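Let me begin by presenting the structure, written as structure tokens, before commenting on it.
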Amino acid sequence: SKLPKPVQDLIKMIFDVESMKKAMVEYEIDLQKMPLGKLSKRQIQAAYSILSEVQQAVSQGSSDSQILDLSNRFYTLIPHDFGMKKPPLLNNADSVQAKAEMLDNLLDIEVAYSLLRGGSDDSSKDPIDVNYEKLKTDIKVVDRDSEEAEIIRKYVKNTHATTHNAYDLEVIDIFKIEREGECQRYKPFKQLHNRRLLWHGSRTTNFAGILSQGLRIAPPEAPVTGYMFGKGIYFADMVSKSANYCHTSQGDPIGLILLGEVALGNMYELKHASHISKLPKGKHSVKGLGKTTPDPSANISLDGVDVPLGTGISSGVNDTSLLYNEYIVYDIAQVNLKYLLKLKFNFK
Ligand SMILES: Cc1nc2ccccc2c(=O)[nH]1
């Protein structure tokens, strides 16, 4: 009752058990054999190791049956329902990427559903108040006419890529967030140079986890797929690049995005896929060099932090496998989430 409507609107939204169920069904998971309440960490941890066993087998060149065994084992562990359609073999990069994408969501779906059942949920206290406390995060509404509000709205407007011409982004709510202990954790990197305010798009069902446990790196068991520069935390300077990872449908055009203080330091600027996790001496990050970059001449120093809100301009790089820039850090302590934005997607 006692929280601002937008802050409340956000809790019910991120803690929706019905939205969690929707995602499971969209991954073709058998909710009769694998309900929301059966999902466990060691089960998803096991599901990662099988995908890593699959990608190793395919690489080492295995036999139909031994490769088929891991496909059966994965589905036996994570009950799937394909109806009358035959179960698709997990024996290729597209097959593993799609299952690895699912586990990421299922990981943050578990972390969220566990929170909901956890705690001394009694009766007198408003469901919102109860759940907002469980995130261990100070969520405060940013005023419409504030300084930061104009900066954040300039950033959204100017960094929307010409390629991403399928929606128009519309800002609904801006929240100044501060995760419990994050500043104490980030403290060793606050002094570091090249600190930037960057974007991070993610599915709505993952935010109760993102605000609960912060932005995280894939576990060692996870297959090394989907991401261009290894297991690390990925950001964009282009809003629409991150906004794409909200997976907003025409029926559900409401999604959430992030702005985190990423302590980049000396960036190991690459142009083509390169798995590392272990950076080179003196480097603190990786920068995926894109053909299009926000105007470096139009940089802003909001709170002594670099904000590349420049209009989309082409960088002088053409020998690169990347359309737009991306940034990766391999230490979760180098991130410090500042804002959470509620965005409307207006499809053409
Ligand atoms: C999950 C995720 N991956 C990304 C990769 C590149 C750039 C941005 C993102 C992002 O925002 N979320």
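How things are named: the first chain in the structure tokens is A, the next is B, and so on; residues count from 1 in each chain; ligands count from 1 in the order shown.
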Identify, counting only C-alpha atoms and all ligand atoms, the protein, DNA and RNA residues located within 10 Å of ligand 1, and give them as a PyMOL selection string.
chain A and resi 101+104-105+198-203+215+226-229+232-246+257-259+288+324-328
Spatial neighbours of region 7-16 of chain A, max dist 8 Å, only C-alpha atoms, sep filter under 3 positions, as a CSV table (one decimal) with N, CA and C atoms, in the first residue's frame:
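Contents of result28.csv, as written:
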```csv
chain,number,residue,atom,x,y,z
A,3,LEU,N,4.0,2.0,-0.9
A,3,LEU,CA,5.0,2.2,-2.0
A,3,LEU,C,4.5,3.1,-3.1
A,4,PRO,N,5.3,3.9,-3.9
A,4,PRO,CA,4.8,4.6,-5.1
A,4,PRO,C,4.2,3.6,-6.1
A,19,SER,N,3.5,-15.1,-15.4
A,19,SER,CA,4.5,-14.7,-16.4
A,19,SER,C,5.6,-15.7,-16.5
A,20,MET,N,6.0,-16.3,-15.3
A,20,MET,CA,7.0,-17.3,-15.1
A,20,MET,C,6.6,-18.6,-15.9
A,112,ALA,N,13.9,-16.4,-8.5
A,112,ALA,CA,12.7,-15.6,-8.2
A,112,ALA,C,11.6,-16.4,-7.5
A,113,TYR,N,11.2,-17.6,-8.0
A,113,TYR,CA,10.2,-18.4,-7.4
A,113,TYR,C,10.6,-18.9,-6.1
A,116,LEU,N,9.8,-16.0,-3.5
A,116,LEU,CA,8.3,-15.9,-3.3
A,116,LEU,C,7.9,-16.9,-2.2
A,128,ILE,N,3.2,-6.7,-2.0
A,128,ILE,CA,4.2,-5.8,-2.6
A,128,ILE,C,5.3,-5.5,-1.5
A,131,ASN,N,7.4,-8.6,-0.8
A,131,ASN,CA,8.3,-9.0,-2.0
A,131,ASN,C,9.4,-8.0,-2.3
A,132,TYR,N,9.1,-6.7,-2.2
A,132,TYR,CA,10.1,-5.6,-2.4
A,132,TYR,C,11.2,-5.7,-1.4
A,139,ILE,N,14.7,0.7,-4.4
A,139,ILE,CA,14.1,1.1,-5.6
A,139,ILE,C,13.4,2.5,-5.4
A,140,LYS,N,13.8,3.5,-6.0
A,140,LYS,CA,13.2,4.8,-5.9
A,140,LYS,C,12.9,5.4,-7.2
A,141,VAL,N,11.7,6.0,-7.4
A,141,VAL,CA,11.3,6.6,-8.6
A,141,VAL,C,12.1,7.8,-8.9
A,175,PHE,N,13.8,4.2,-12.6
A,175,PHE,CA,14.0,3.9,-11.1
A,175,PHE,C,15.5,4.0,-10.8
A,204,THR,N,11.9,-9.9,-18.6
A,204,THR,CA,11.2,-9.4,-17.4
A,204,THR,C,11.3,-10.5,-16.2
A,205,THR,N,11.2,-11.8,-16.6
A,205,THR,CA,11.2,-12.9,-15.6
A,205,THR,C,12.6,-13.0,-14.9
A,206,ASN,N,13.6,-12.3,-15.4
A,206,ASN,CA,15.0,-12.4,-14.8
A,206,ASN,C,15.3,-11.3,-13.8
A,207,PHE,N,14.5,-10.2,-13.8
A,207,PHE,CA,14.8,-9.0,-13.0
A,207,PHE,C,14.7,-9.3,-11.5
A,208,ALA,N,13.7,-10.1,-11.0
A,208,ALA,CA,13.7,-10.4,-9.6
A,208,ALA,C,15.0,-11.1,-9.1
```
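Closest approach to residue 266 (chain A) among A:346, A:94, A:298, A:194 is made by A:194 (distances from only C-alpha atoms).
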Name the residues of region 81-227 of chain A that fall into strand (DSSP E) according to DSSP on the backbone, using the chain letters and numbers of this document, as JSON, numbers by chain.
{"A": [137, 138, 139, 140, 141, 167, 168, 169, 170, 171, 172, 173, 174, 175, 176, 177, 178, 179, 195, 196, 197, 198, 199, 200, 201]}
List the neighbours of residue 274 (chain A) out to 12 Å using only C-alpha atoms; skip same-chain residues closer than 3 positions along the sequence, and give me the result as a PyMOL selection string.
chain A and resi 224-225+227-231+268-271+277-279+286-288+321+328
For the residues in that selection, give me N, CA and C atoms as an mmCIF file, in the first residue's frame.
```
data_model
loop_
_atom_site.group_PDB
_atom_site.id
_atom_site.type_symbol
_atom_site.label_atom_id
_atom_site.label_comp_id
_atom_site.auth_asym_id
_atom_site.auth_seq_id
_atom_site.Cartn_x
_atom_site.Cartn_y
_atom_site.Cartn_z
ATOM 1 N N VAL A 224 29.975 -22.982 -23.752
ATOM 2 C CA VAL A 224 30.499 -21.687 -24.173
ATOM 3 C C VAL A 224 29.912 -21.387 -25.579
ATOM 4 N N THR A 225 28.669 -20.833 -25.575
ATOM 5 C CA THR A 225 27.853 -20.540 -26.759
ATOM 6 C C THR A 225 27.048 -19.230 -26.557
ATOM 7 N N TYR A 227 27.403 -16.040 -26.735
ATOM 8 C CA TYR A 227 28.236 -14.861 -26.556
ATOM 9 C C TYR A 227 29.530 -14.914 -27.381
ATOM 10 N N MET A 228 29.866 -13.786 -28.035
ATOM 11 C CA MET A 228 31.024 -13.588 -28.903
ATOM 12 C C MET A 228 32.400 -13.536 -28.177
ATOM 13 N N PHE A 229 32.485 -13.058 -26.908
ATOM 14 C CA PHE A 229 33.781 -12.928 -26.221
ATOM 15 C C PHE A 229 33.916 -13.679 -24.888
ATOM 16 N N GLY A 230 33.356 -14.877 -24.802
ATOM 17 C CA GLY A 230 33.444 -15.708 -23.605
ATOM 18 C C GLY A 230 32.436 -15.382 -22.527
ATOM 19 N N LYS A 231 32.551 -16.084 -21.393
ATOM 20 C CA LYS A 231 31.707 -15.923 -20.212
ATOM 21 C C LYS A 231 32.137 -14.673 -19.425
ATOM 22 N N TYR A 268 40.494 -4.159 -23.878
ATOM 23 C CA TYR A 268 41.041 -5.060 -24.880
ATOM 24 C C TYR A 268 40.032 -5.047 -26.008
ATOM 25 N N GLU A 269 40.265 -4.147 -26.967
ATOM 26 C CA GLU A 269 39.373 -3.898 -28.094
ATOM 27 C C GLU A 269 39.547 -4.913 -29.208
ATOM 28 N N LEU A 270 38.561 -5.777 -29.375
ATOM 29 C CA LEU A 270 38.612 -6.820 -30.398
ATOM 30 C C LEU A 270 37.591 -6.535 -31.495
ATOM 31 N N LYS A 271 37.666 -7.278 -32.617
ATOM 32 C CA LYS A 271 36.780 -7.054 -33.764
ATOM 33 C C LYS A 271 36.029 -8.311 -34.171
ATOM 34 N N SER A 277 37.755 -15.371 -21.160
ATOM 35 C CA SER A 277 37.593 -15.232 -19.731
ATOM 36 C C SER A 277 38.865 -14.723 -19.022
ATOM 37 N N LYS A 278 40.049 -15.159 -19.455
ATOM 38 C CA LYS A 278 41.301 -14.626 -18.894
ATOM 39 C C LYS A 278 42.023 -13.500 -19.636
ATOM 40 N N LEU A 279 41.765 -12.263 -19.271
ATOM 41 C CA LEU A 279 42.261 -11.103 -19.974
ATOM 42 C C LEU A 279 43.753 -11.028 -19.984
ATOM 43 N N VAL A 286 36.826 -5.964 -22.221
ATOM 44 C CA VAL A 286 36.827 -6.242 -23.661
ATOM 45 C C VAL A 286 35.829 -5.282 -24.273
ATOM 46 N N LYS A 287 36.178 -4.694 -25.418
ATOM 47 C CA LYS A 287 35.276 -3.830 -26.165
ATOM 48 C C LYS A 287 35.119 -4.404 -27.555
ATOM 49 N N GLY A 288 33.891 -4.784 -27.859
ATOM 50 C CA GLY A 288 33.529 -5.261 -29.181
ATOM 51 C C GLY A 288 33.406 -4.027 -30.043
ATOM 52 N N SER A 321 33.460 -7.930 -37.336
ATOM 53 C CA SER A 321 32.289 -8.798 -37.408
ATOM 54 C C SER A 321 31.125 -8.278 -36.517
ATOM 55 N N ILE A 328 32.336 -6.107 -22.263
ATOM 56 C CA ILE A 328 32.334 -7.288 -21.385
ATOM 57 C C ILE A 328 33.346 -7.165 -20.218
#
```
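By chain and then residue number, the residues within 8 Å of residue 50 (chain A) are residues 70, 73 and 74 of chain A, counting only C-alpha atoms and disregarding those fewer than 5 positions away in sequence.
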Contacts of residue 213 (chain A) within 9 Å, only C-alpha atoms, excl. fewer than 3 positions in-chain, as an mmCIF file with N, CA, C and O atoms, in the first residue's frame:
```cif
data_model
loop_
_atom_site.group_PDB
_atom_site.id
_atom_site.type_symbol
_atom_site.label_atom_id
_atom_site.label_comp_id
_atom_site.auth_asym_id
_atom_site.auth_seq_id
_atom_site.Cartn_x
_atom_site.Cartn_y
_atom_site.Cartn_z
ATOM 1 N N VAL A 111 15.524 -18.636 -8.957
ATOM 2 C CA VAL A 111 16.003 -17.623 -8.012
ATOM 3 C C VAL A 111 14.829 -16.706 -7.576
ATOM 4 O O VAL A 111 14.755 -16.341 -6.400
ATOM 5 N N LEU A 135 14.048 -8.300 -2.248
ATOM 6 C CA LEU A 135 14.996 -8.017 -3.329
ATOM 7 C C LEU A 135 16.289 -7.424 -2.773
ATOM 8 O O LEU A 135 17.313 -7.399 -3.472
ATOM 9 N N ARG A 179 21.565 -1.695 -5.129
ATOM 10 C CA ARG A 179 21.501 -3.047 -4.583
ATOM 11 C C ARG A 179 22.274 -3.130 -3.279
ATOM 12 O O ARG A 179 23.322 -2.482 -3.136
ATOM 13 N N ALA A 208 13.749 -10.117 -10.998
ATOM 14 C CA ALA A 208 13.678 -10.422 -9.561
ATOM 15 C C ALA A 208 14.986 -11.079 -9.107
ATOM 16 O O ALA A 208 15.356 -10.935 -7.957
ATOM 17 N N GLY A 209 15.681 -11.740 -10.040
ATOM 18 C CA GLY A 209 16.980 -12.366 -9.834
ATOM 19 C C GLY A 209 18.117 -11.380 -10.019
ATOM 20 O O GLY A 209 19.072 -11.394 -9.235
ATOM 21 N N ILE A 210 18.023 -10.497 -11.056
ATOM 22 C CA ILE A 210 19.039 -9.476 -11.354
ATOM 23 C C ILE A 210 19.138 -8.499 -10.187
ATOM 24 O O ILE A 210 20.234 -8.123 -9.799
ATOM 25 N N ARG A 216 25.322 -11.446 -13.102
ATOM 26 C CA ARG A 216 26.207 -12.603 -12.923
ATOM 27 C C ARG A 216 26.785 -13.144 -14.235
ATOM 28 O O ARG A 216 26.281 -12.845 -15.322
#
```
Where in region 1-181 of chain A does DSSP assign alpha helix (DSSP H), given as JSON, numbers by chain?
{"A": [5, 6, 7, 8, 9, 10, 11, 12, 13, 14, 17, 18, 19, 20, 21, 22, 23, 24, 25, 26, 41, 42, 43, 44, 45, 46, 47, 48, 49, 50, 51, 52, 53, 54, 55, 56, 57, 58, 59, 60, 64, 65, 66, 67, 68, 69, 70, 71, 72, 73, 74, 75, 76, 77, 93, 94, 95, 96, 97, 98, 99, 100, 101, 102, 103, 104, 105, 106, 107, 108, 109, 110, 111, 112, 113, 114, 115, 116, 117, 127, 128, 129, 130, 131, 132, 133, 147, 148, 149, 150, 151, 152, 153, 154, 155, 156, 157, 158]}
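Among A:115, A:340, A:144, A:329, the residue with the shortest atom-to-atom distance to residue 177 (chain A), counting only C-alpha atoms, is A:340.
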Might you pull out every residue within 12 Å of residue 35 (chain A), with only C-alpha atoms counted and same-chain residues fewer than 4 positions away left off, and present them as an MDAnalysis selection string?
chainID A and resid 17 20:22 24:25 29:31 39:40 78:80 106 109:110 113
Could you work out how far CA of residue 77 (chain A) lies from CA of residue 97 (chain A), giving the answer in Å with one decimal?
17.7 Å
Min atom-atom distance to residue 197 (chain A) from the set A:305, A:222, A:333, A:89, counting only C-alpha atoms, belongs to A:305
When distances are computed from only C-alpha atoms, which of A:267, A:72, A:297, A:122 shows the smallest separation from residue 281 (chain A)?
A:267
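Distances from A:186, A:212, A:247, A:81 to residue 134 (chain A) were compared using only C-alpha atoms, and the smallest one belongs to A:212.
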A:117, A:136, A:154, A:86: which is nearest residue 178 (chain A), counting only C-alpha atoms?
A:136
Between CA of residue 293 (chain A) and CA of residue 273 (chain A) - distance in Å to one decimal:
18.6 Å
